[PDB]
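>>> model this:
(chains A and B)
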Protein chains: 2
Amino acid sequence: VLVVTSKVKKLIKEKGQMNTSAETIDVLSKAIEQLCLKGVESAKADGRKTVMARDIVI
Amino acid sequence: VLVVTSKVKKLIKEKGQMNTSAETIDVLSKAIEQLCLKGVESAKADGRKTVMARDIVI
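Numbering: from 1, shown residues only, chains lettered A, B, ... in the order given. Next comes the structure:
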């Protein structure tokens, strides 16, 4: 799991009075994994050894 | 911070032999915050009290 589950659930509850399903946590974690892997692609294509904010295309 | 920093850095290092900048962590966390808030919008518009995977549009 790549998201901080407790903090995600807190944000959703305090900002929306919403509960958070388990599958929501899974999708968020998968989204982080994909952003990271695309970031690696971008950084390497640029000949760099560090993934930077400009590599996280959002 | 809404991402698990240590686990993000591990993924990027093990999958890309890349380092991870601090600003990368910040962008990932901001992305999670925005996905969560959009998820609250979608769930509430549907009259629900739980943010579900279908509310996280990725």
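
>>> and the gap between residue A:13 and chain B?
For residue A:13, the distance to chain B (Cβ to the nearest Cβ, to the nearest Å) stands at 10 Å. In this view, the C-beta of every residue, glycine as well, is placed from N, C-alpha and C.

>>> isn't there a strand covering that residue?
No. Secondary structure of residue A:13 (DSSP: H, G, I helix; E, B strand; the rest coil): helix, not part of a strand.

>>> which residue packs closest to it, ignoring adjacent ones?
Of all residues not flanking residue A:13 in the chain, residue A:19 sits nearest, at 7.1 Å (Cβ to Cβ, 6 or more residues apart in numbering or on different chains).

>>> the one you found: neighbour count?
Using other Cβ atoms under 10 Å in any protein chain shown, residue A:19 has 15 neighbouring residues.

>>> likewise for residue A:15?
Residue A:15 is flanked by 12 other residues according to other Cβ under 10 Å.

>>> that one against residue B:40, yeah?
Yes. The pair residue A:15 and residue B:40 passes the contact test of Cβ atoms under 8 Å, sitting 6.2 Å apart.

>>> okay, and the most centrally placed residue in chain A sits in which element?
Central residue check for chain A by Cα atoms, centre = their mean: the C-alpha nearest the mean position is that of residue A:32, 2.8 Å away. According to DSSP states H and E, residue A:32 maps onto helix A:22-45.

>>> now the element after that helix, going C-ward?
Next along from helix A:22-45, by DSSP H and E: strand A:50-51.

>>> which one in chain A is furthest away from the centre?
Going by Cα atoms, centre = their mean, the residue of chain A most distant from its centre is residue A:47, 23.7 Å out.

>>> quick one on the thing from earlier: next up, the contacts around the nearest residue to the residue nearest to the centre of chain A once chain neighbours are set aside.
Counting by Cβ to Cβ, 6+ apart, residue A:2 is the residue found nearest to residue A:32 once chain neighbours are left out, at 4.1 Å. Contact partners of residue A:2, counting by Cβ atoms under 8 Å, 6 or more residues apart in numbering or on different chains, are A:28-29, A:32-33, A:36, B:3-4, B:7-8, B:11.

>>> do that again at 10 Å, thanks
A:25, A:28-33, A:35-36, B:2-5, B:7-8, B:10-11, B:28, B:32 (Cβ atoms under 10 Å, 6 or more residues apart in numbering or on different chains).
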